[PDB]
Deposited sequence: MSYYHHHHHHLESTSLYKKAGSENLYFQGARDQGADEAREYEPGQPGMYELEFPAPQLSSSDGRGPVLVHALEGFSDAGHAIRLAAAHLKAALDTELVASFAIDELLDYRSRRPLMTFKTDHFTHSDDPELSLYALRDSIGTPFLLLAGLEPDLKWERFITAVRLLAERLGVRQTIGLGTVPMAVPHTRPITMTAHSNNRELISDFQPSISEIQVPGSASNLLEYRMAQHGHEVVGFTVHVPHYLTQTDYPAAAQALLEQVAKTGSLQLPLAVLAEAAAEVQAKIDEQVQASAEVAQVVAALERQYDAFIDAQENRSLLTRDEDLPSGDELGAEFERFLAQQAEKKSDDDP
C-alpha cells in the first residue's frame, strides 16, 4: 500500500517539484484565484482558466477538495445523454507552477474556495509558499458596482506595502467585510511578514452572472504589471471584445436597459471629475 506524500486530508504533492528559480535567481510570485466568494462576471474563473490554457502549466500540489467541499451547497454538474450519465464535472483546488512568455516561473493557487477548514488550508498554502521561496502573493477578487460596461474598468487595490499600489487612490475608510479564504490568506500571509497585494475588479452589476472576460483581462494585466510577468493576453482580449459587442446589442435593443446604462455613464463621468457601496455589494455576494 503506497502512501502519496503530503499533508493527510489537505494536500498531495505532485512529483517532482518544478524549478521556480528565475534568471536573477529570486523567488516566484504567487497568484491566488478562488471561486465561491464573489464571482461577478465570473472574472476569477476566467482569469485562472486563461493562464492555464495560455501557458505552460504543471501541478505542484492538489488539495483534498473532497475534505473541504460542501457538495450539497455546490453540486457538481453532471451530463445526461438520452438514458444515462456520461460526465461529472469534478471540483478542483490546486497549486500550479507556470512559466510566463519569457519562461519566468510563478505559482497559481486556483479552484473552489473551500467551505471548511480555512485555517488549516491557509497554514498549508503558506508553508508551501515559504518552502518554494515565494516573494510576493497576489490575490484576485471581483465586486459588483453601479458602473457601466461602456467605461474603463475600475479596480480597488489593497496591500501591506504602500509603494506597490501608488498608481491607485484609496476611497475607503474603516469598514467590516465578510471574510473569504483569499482575503484571510492575504491577511495571515501579511501577519507573517510576507509581501501581499490584491486587486478587486469592479464589474457592472447587471453583468454579475455572465462571462465578462474584460474583467479577467484587467486583473491579469494588473498581475503582469505588479509581478513582473509577461502574460499572453490576446485570446482573452479577443473574447472580451466579442462579449462586449454582444452586450452592446442587447442594450441598443431595449430602450429600457439603455437608459439604465446611459444613466450609469453619466455618473461614471462625474466621479472621474476629481466604501459603503463596497460593503453592501460584497455582503450580498458572500451568501
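Lining up the deposited sequence with the coordinates, I want the ranges that have no C-alpha atoms. In the chain as deposited, 1-38, 313-331, 345-351 carry no coordinates.
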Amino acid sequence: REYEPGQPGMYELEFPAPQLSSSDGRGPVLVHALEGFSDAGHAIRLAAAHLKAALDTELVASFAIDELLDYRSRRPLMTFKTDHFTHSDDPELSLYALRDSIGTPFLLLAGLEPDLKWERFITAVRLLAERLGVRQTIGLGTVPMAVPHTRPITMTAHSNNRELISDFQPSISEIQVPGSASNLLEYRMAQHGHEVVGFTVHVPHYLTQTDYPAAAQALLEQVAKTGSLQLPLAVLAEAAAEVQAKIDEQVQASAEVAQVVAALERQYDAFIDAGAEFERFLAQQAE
From here on, numbers count along this sequence of modelled residues.
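Quick one: say whether 1-9 or 276-284 has the higher mean Cα B-factor in the deposited entry. So the stretch with the higher mean C-alpha B-factor is 276-284.
Using only the Cα atoms and their B-factors as the entry lists them, report which of 105-113 and 146-154 averages higher. Of 146-154 and 105-113, the stretch with the higher C-alpha B-factor average is 146-154.
Looking at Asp66, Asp248, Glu58, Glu221, which one carries the largest C-alpha B-factor according to the PDB entry? Going by the entry's C-alpha B-factors, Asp248 comes out highest.
Residue of maximum C-alpha B factor among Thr200, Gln191, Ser171, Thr79, per deposited coordinates: The listed residue with the largest C-alpha B-factor is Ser171.
Would you mind checking where the Cα B-factor of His87 ranks among the modelled residues of its chain, as the lowest, middle or highest third? It falls in the middle third of the chain.
Name the third of the chain's ranked CA B-factors that contains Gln244, choosing lowest, middle or highest. It falls in the top third of the chain.
Within-chain third of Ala48 by Cα B-factor, per the entry: Middle third - that is where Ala48 ends up once the chain's C-alpha B-factors are sorted.
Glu163 CA temperature factor, ranked by third within the chain: Within its chain, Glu163 is a highest-third residue by C-alpha B-factor, going by the deposited values.
Comparing against every modelled residue in the chain, figure out the third that the C-alpha B-factor of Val29 lands in (lowest, middle or highest). Middle third - that is where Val29 ends up once the chain's C-alpha B-factors are sorted.
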